[PDB]
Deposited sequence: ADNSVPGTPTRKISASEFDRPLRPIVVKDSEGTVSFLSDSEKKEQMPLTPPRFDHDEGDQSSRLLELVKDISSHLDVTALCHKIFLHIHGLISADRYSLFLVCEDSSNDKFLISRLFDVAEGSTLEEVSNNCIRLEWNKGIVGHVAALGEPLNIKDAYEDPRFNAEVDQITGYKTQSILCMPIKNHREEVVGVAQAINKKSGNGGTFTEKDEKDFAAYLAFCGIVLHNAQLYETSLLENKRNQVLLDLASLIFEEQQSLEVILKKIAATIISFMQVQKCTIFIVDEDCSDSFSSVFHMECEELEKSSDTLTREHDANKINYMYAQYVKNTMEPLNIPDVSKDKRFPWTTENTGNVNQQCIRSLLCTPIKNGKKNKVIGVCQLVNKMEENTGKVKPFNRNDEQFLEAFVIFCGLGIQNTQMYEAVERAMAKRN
């Protein structure tokens, strides 16, 4: 389902030349340093690679608590760091990676900001920092003294990661060295590269999986193109499922009266599945392009549980001109919340590809029902 696909990926489908539409795209530290870079260099797996980095910074330079952060980016290009790899309280755990996951939005927090500016930070007293949040420090009676918080960038200087060290170990009540930066920041510069390769590889693995899904759904709907009702159910069921939405509603442009709608098929997302607000359908037919509305109680186009976010595409046929039906998704839901987000590019992008086959299939189902209506004229 659609929500592990929610970083930025390439289009599923591609136009060319009044785009006919297609799928097919186109000394003895220096010494040590090395031994390390070898050790990461072989990891393409971000989880795996992240662990190995976290491990590495540890004996990289001397302090009390370390933290790694990984930049992320949903499909709407909104970014943010998360970390499950967090030094805590010292002999004291449910589990390690404790089911449990920090997440800073972009530019908030000491790290937030390191990120968003991509310059390192060598604080001597955290409490002097206006972006230190002392809530944790307070509740657990740790004393956060000194902070090393450096960005990790890929070769193009993009920030992919932040990593910081807290409270330099010391028996002279000390700070983080100029040297101390360097060693830490050297080793990171390698990470930013290796890591970035890791992200790009995992994007393709995903980019794949998405297409495998698409192929499976392709086979599914195509199995039984003999009853409109039959086939819409599978389109409807299959979508509500993968898209995590609340309703789906297919409208079939009528084959004779090329204006209005002969059949209509609805489906709520606790499964029931049977046969009254045509405004968006008629728009998207007459407009012939998709409709994405983050929420309708704020869209000046359409006289205003209930219908917040709308992503409503049109099904064209073969030869790619007549809109033959329309598809109206309603109310994407944040995964396990049930909150209600707006459809982002992902969802737009999958649907677009999906209804190409939705088209083909509905069109040929209709053919069948056609011939069947011939036979019952004698």
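> Comparing the deposited sequence against the modelled residues, what ranges come up empty for C-alpha?
Since the structure holds only modelled residues, the stretches it omits are 1-13, 40-57, 307-318, 348-357, 432.
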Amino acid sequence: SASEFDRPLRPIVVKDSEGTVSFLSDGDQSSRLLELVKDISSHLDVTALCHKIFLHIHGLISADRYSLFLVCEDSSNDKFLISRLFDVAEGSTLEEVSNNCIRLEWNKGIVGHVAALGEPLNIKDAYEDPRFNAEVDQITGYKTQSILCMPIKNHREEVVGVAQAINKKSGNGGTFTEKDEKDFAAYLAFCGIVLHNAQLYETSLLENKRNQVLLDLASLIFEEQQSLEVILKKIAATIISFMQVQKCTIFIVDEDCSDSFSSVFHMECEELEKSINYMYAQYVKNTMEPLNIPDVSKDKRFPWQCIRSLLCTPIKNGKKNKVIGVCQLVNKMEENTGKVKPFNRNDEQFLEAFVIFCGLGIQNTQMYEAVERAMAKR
From here on, numbers count along this sequence of modelled residues.
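> Comparing 206-214 with 228-236, which has the greater mean CA B-factor as deposited?
Higher mean C-alpha B-factor in the PDB entry: 228-236.
> 178-186 versus 195-203: which one carries the higher mean Cα B factor per the record?
It is 178-186 that shows the higher mean C-alpha B-factor.
> Out of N154, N77, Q305, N107, which residue has the highest Cα temperature factor in the PDB record?
Result of the comparison over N154, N77, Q305, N107: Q305.
> Can you tell me which of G112, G118, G161, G91 has the highest Cα temperature factor in the record?
Comparing C-alpha B-factors across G112, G118, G161, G91, the maximum falls on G91.
> Using the B-factor values recorded in the entry, state whether the Cα atom of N321 falls in the lowest, middle or highest third among the modelled residues of its chain.
As the PDB entry reports it, the C-alpha B-factor of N321 lands in the highest third of its chain.
> What third of the chain does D45 rank in for C-alpha temperature factor, lowest, middle or highest?
Lowest third.
> Among all modelled residues of this chain, ranked by Cα B factor, put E4 in the bottom, middle or top third, i.e. lowest, middle or highest.
Its C-alpha B-factor belongs to the middle third of this chain's values.
> Thinking about Cα B factors across the chain, which third does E223 belong to?
Answer is middle: the recorded C-alpha B-factor places it there.
> Lowest, middle or highest third of the chain for the C-alpha temperature factor of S275?
Within its chain, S275 is a highest-third residue by C-alpha B-factor, going by the deposited values.
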